[PDB]
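Asker: Next input, structure requested:
(8 chains)
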Amino acid sequence: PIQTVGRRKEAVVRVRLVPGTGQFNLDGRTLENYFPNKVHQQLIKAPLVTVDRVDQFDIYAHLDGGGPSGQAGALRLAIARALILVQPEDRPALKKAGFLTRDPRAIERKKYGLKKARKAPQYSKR
Amino acid sequence: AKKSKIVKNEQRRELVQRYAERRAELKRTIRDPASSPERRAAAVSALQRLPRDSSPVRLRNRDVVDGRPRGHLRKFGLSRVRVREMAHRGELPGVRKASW
Amino acid sequence: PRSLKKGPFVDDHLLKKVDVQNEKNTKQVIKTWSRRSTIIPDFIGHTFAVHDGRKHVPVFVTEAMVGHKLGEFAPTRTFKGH
Amino acid sequence: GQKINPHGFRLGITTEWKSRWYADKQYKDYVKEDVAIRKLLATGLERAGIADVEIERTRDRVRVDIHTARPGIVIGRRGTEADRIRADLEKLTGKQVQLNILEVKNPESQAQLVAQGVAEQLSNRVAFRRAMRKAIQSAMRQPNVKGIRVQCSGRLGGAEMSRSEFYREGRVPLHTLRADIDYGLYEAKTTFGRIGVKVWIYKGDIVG
Amino acid sequence: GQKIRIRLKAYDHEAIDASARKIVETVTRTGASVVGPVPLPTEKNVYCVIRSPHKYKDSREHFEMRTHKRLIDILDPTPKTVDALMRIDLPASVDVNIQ
Amino acid sequence: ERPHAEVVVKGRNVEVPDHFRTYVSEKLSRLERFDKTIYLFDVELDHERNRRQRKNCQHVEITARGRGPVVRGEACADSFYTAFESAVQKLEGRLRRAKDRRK
Amino acid sequence: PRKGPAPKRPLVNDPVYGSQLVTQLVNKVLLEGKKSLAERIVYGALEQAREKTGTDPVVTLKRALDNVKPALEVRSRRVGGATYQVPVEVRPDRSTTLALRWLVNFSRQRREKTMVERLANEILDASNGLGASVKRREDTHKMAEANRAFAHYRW
RNA sequence: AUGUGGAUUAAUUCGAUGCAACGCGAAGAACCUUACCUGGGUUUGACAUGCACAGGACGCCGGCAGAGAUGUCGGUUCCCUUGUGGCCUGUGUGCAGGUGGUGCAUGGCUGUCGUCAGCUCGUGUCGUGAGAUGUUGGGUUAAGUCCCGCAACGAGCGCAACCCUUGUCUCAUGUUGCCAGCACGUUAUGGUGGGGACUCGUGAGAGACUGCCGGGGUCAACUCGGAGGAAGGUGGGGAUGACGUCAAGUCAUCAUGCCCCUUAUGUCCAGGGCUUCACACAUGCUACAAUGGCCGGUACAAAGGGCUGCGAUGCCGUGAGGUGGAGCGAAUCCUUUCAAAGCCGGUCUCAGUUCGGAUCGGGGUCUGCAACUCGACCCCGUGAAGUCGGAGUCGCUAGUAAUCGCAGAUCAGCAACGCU
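Answerer: Residues are numbered from 1 along each chain as shown, chains lettered A, B, ... in the order given. Structure data below:
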């Protein structure tokens, strides 16, 4: 079977990519039921946009972890990796825009003596 | 802190262990329901006859080694200073400097 | 505020002393150490005094002084100004 | 906070715990038991110096261990002082004290014992120069002392000053994480006041 | 069938894995059904502290007492095996809930 | 802004007969006279109370606001007068520096 | 940046049309991380533009950008007792940044009861040649004309 | 909202003092803490130990005088085995204790310049000597990291790096969690068997090493654009403080040399204070609105806490709250199958305003023996200043800043809007 993963800052999604139409199903709903956010929709679509195969490959997801934008990046990631399982030959033209990488940029540890990550207390001189 | 003050907190724990066992408990039990004899109990006025030390609010988690009445960690059961010192000497199980 | 299921805080010392007093039927100035005791209308006869960290203050009682503590009628801090 | 203890910093990796057990509700209890133990121990015996004190707890057994190069001074020869120790430990109620006494192998590469011996030398009437120098010599002539740093401080020689002067030799890279390090911090009496002593002993590396 | 469940608690991972192998061995010594130490979570009791006395609240430090935990489900609890596994020897660092 | 010179008087533990105030307020107006960029002046009286002093019995730190940089003057003496006048001189040094470094 | 610059970010494109000037605008009106809110504000204002002049809003936006986009601006330097302004050519990046910044922040202090109206009608103003954005652009060009005399430092 | 200064004060306990203090020692000051004050008892004592002399019972459970300290009857009047003891009644003798002073007598611990790149030694040669040399001069670096020519040759403590977390993958690992392929419950649902396949929680190892490309480069380093990759040029953030100064701070976390109290600066007691305010300084938040105020409807995170305790559903209360306890030493159970921004519908339509919430008068809840100085919380009415901020300053280079909310150590309940 076809199964690949997507993870963006604690936002995991599994994927079933089938050769059917572009039917989207995302935990008992669709992309027009959830995600009222069009930039997020662009992210979600950009791999099929790239390969010009929009409505050539059904996708079925199970969302968990993270918030909408994290889940969105993880979704588009997993869809592209599933397209690589469909055929890797398109891969080195996808690195040309790099829609394939895991986002190596996660939330930071909060430090001691300070108010958050990098915002220091006001160095008062009185 | 002081010998006398550690001794007094130790005395107060003994008092509480005696009397809040059941004596300063039954009045609470009977006086929590609205079937209570409060209308003629005088059980409130009788709990005024017991010593103030009967109540646990007068206690305090002092360290066993020093008696620092502040900065006390119930899991280690110690003043933060002694906590530091023990974990520095490597004298507590599986305890270490971590990151994340 | 004192909860109602618990009722009032009328403490044993002056409660029992004023039992003794109204059963003597006689009224005089009577000292007590308890700021934390709540007031009953049965105190409009007697005169009570309390300590405030330095010395004692007497105070005479009125109808609308009920439901309160005696410390509310003792000056605890003096501030005459600068 | 100029230099934390290498023992306390390598504790996660290279050096090892001095009181192994497991407890959830009895943790506080076991630690207060342990400190009262070690305090009564040091308060009873002080003439020959303890090298290490280790404790372990089980369902009902209790295994307390004491390293010292001079046992005959410490222990009951007939059993006197060791039975006294079991007596104190039964007042504190460990309830099954399998007191395994041990003598160490290298008294001059045992950091704490060396610092305690030098501290005694100081506390008697002596200067610190010859003691420090001979300590360095005695440690470094033996095999495994690759690097040492002996650090004496106090009102040294009665000089009414907070002083700090040390004598080292060899290699003491405390940042070499993989390598075994032995640390000893010991404070000694004196006519004038209290002196401190620290000693770092480096030992090879560890591969594993 | 039947089960007997062990929940092993420790702080040393080397040693909890060591006793895991030992207990699985002693369960296997009777030809009794043995499963293995499933990789289940660990608690992390964490405590921040300040270093110095009397001031310098900005300088601090952290400490982390973990809790290594392993479930071992033994099937086929032949009562000979049960009373044998009641009597395994271990060092002090590990504790066990036999339920 | 002439009575706007925010005097701050301070002493942790020293016997304070009321003339230290006179001396200090006047020795502060002293330098108010010739620098108009000043808001606060903190004035402190401190004392080591050690047996066998090392010729430092009383100690003074003064610190003053300015438009941008601040002014910082420390002095130490055996009594009030040497220390106050010394710190006043050191303030004038800092201030002369700053007012030569104005144009 | 004592060692060298870092590359400028891989900007997004507009999801709907394909001009990243739009996302530049939405990122510069973005306020407390409410990007989709600023975005629906954007779409609404742009649809106002389309239904109020029968054109594609991005073209008239380019129009207003052409109006207010400067070429020459100021750069200050304290020198010799009287701190001098100096004329500087201004590359396209900073030009566009500054133009959109003026345009947004002067849409802010308008009087239309609502940002969708303040913004949109200010865009109309700068487009067809009337707005306070154009006013401030002229002010800056006149200042450059003023301090022409000091170009010769060549900084 | 809190932390200080100054002045009140019977008492407002002490220390900390630009950088490196002022949401500090506090991680929870009503009594307690507390060290401070009025008033009362104590004096080898609130608790011990070394001596002997007089003891065999001593306590504990209730009663009375009492703000409490404290003195006093009713019931407890031992086991050793003749030598004495557990024990406590006294008598005093050794005393015992101090938050009394010196942090410029000391140790220990810690901040700081400063996570800045340096600081030293050997043996030598030079110099009468203090001292120099090395460690100068070019390339070069995040850096005394490295290369090249030389009275220097060599090295250490440092910078790098083996540590943790995160970033990717192969194998196993199957519940207390997933649950694609399957069969069964159907009102709430993985809820139950069934597959460990994807996830996965926990562990082991490969992956970054300018690894290879070609043009530059003392041909050396040092680079310039590449492929491949999940990451590529110290992946990122963490941990980590060279020798020492500031006689830095803490004799009040603790330890302690010296001086002092001892009928008391010790000590047992209830009340009061550390929250006084014509003001000043500092830290933050809540606001000056339509990106906003209000009702209603819809989905998701990480994450931890728990037993003489976390507390579910039902119902009653406006709502804090409530008998009650299912289940729970806990990948389950309380933790709504875990949220707020946001989205959809509509109103308010730019004004001291449905903004804002002070402030007060009352109606009330919980815990604590006790809510007046003095506690948090809901409800009613209350509706103040505030219409974007001065000279200058503070913090920020990416998952950062700005914003929304959650969780918690300490803690019975709290000023916690702090801290993590």
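Asker: Now do the same for residue F:26: helix, strand or coil?
Answerer: When classified by DSSP: H, G, I helix; E, B strand; the rest coil, residue F:26 comes out as helix.
Asker: my bad, should have said residue B:98
Answerer: For residue B:98, the assignment made with three-state DSSP gives coil.
Asker: so what's it up against?
Answerer: The contact partners of residue B:98, taken as Cβ atoms under 8 Å, 6 or more residues apart in numbering or on different chains, are E:46, E:62-64. Bear in mind the C-beta positions are built from the backbone N, C-alpha and C, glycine included.
Asker: just residue D:201 next, same as before
Answerer: So residue D:201 contacts D:109, D:111, D:139, D:145, D:147-148, D:181-182 (Cβ under 8 Å, 6+ apart).
Asker: what ranges do the helices span in the chain?
Answerer: No chain specified, so I'll use chain A. A:38-51, A:68-86, A:91-94 (DSSP state H).
Asker: nope, chain C
Answerer: Using DSSP H, the helices of chain C run over residues C:12-24.
Asker: Look at the residue in it that chain B sits nearest to and say how many residues are nearby.
Answerer: Chain C approaches chain B most closely through residue C:12 (4.8 Å), counting by Cβ to the nearest Cβ. Neighbourhood size, residue C:12 [other Cβ atoms under 10 Å in any protein chain shown]: 16.
Asker: How about the contacts made by the residue of chain E found nearest chain A?
Answerer: Closest approach of chain E to chain A (Cβ to the nearest Cβ) occurs at residue E:58, with a separation of 3.7 Å. Taking Cβ under 8 Å, 6+ apart, we find residue E:58 in contact with A:112-113.
Asker: which one is residue D:107 nearest to, not counting chain neighbours?
Answerer: residue D:69 (4.3 Å; Cβ to Cβ, 6 or more residues apart in numbering or on different chains).
Asker: Distance-wise, check the most centrally placed residue in chain B relative to residue B:39.
Answerer: With distances taken as Cα atoms, centre = their mean, residue B:59 lies nearest the centre of chain B, 4.3 Å away. Distance of residue B:59 to residue B:39, computed by Cβ to Cβ, to the nearest Å: 33 Å.
Asker: List phi and psi for the residue lying farthest from the centre of chain D.
Answerer: No residue in chain D sits farther from the centre than residue D:25, which is 29.7 Å out by Cα atoms, centre = their mean. Dihedral pair for residue D:25: phi -90, psi -20, per degrees, to the nearest 10.
Asker: and residue 83, what is it in contact with?
Answerer: Reading this off chain A. Per Cβ under 8 Å, 6+ apart, neighbours of residue A:83: A:17, A:47, A:51, A:53, A:57, A:90, A:94.
Asker: was after chain F, sorry
Answerer: Contacts for residue F:83 (Cβ under 8 Å, 6+ apart) come out as F:58-60, F:75-77.
Asker: Kindly recompute the last result at 6 Å.
Answerer: Going by Cβ atoms under 6 Å, 6 or more residues apart in numbering or on different chains, residue F:83 touches F:58, F:60, F:75, F:77.
Asker: Just put the residues you listed in JSON lines and tack on neighbour count.
Answerer: Formatted as JSON lines, the contacts of residue F:83 follow (neighbours: other Cβ atoms under 10 Å in any protein chain shown):
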{"residue": "F:58", "neighbour count": "20"}
{"residue": "F:60", "neighbour count": "22"}
{"residue": "F:75", "neighbour count": "19"}
{"residue": "F:77", "neighbour count": "18"}
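Asker: Taking those, tell me the two that lie furthest apart.
Answerer: F:58 and F:75 (9.2 Å; Cβ to Cβ).
Asker: Nearest residue to residue D:42 in space, please, no chain neighbours.
Answerer: Distances taken as Cβ to Cβ, 6+ apart place residue D:50 nearest to residue D:42, at 7.0 Å, with adjacent residues excluded.
Asker: most surrounded residue in the contacts of residue B:98?
Answerer: For the contacts of residue B:98, neighbours tallied by other Cβ under 10 Å; top is residue E:63, 20 neighbours.
Asker: what's the distance between the closest residue to chain A within chain C and residue F:6?
Answerer: Residue nearest to chain A within chain C (Cβ to the nearest Cβ): residue C:82, separated by 25.3 Å. Distance of residue C:82 to residue F:6, given as Cβ to Cβ: 18 Å.
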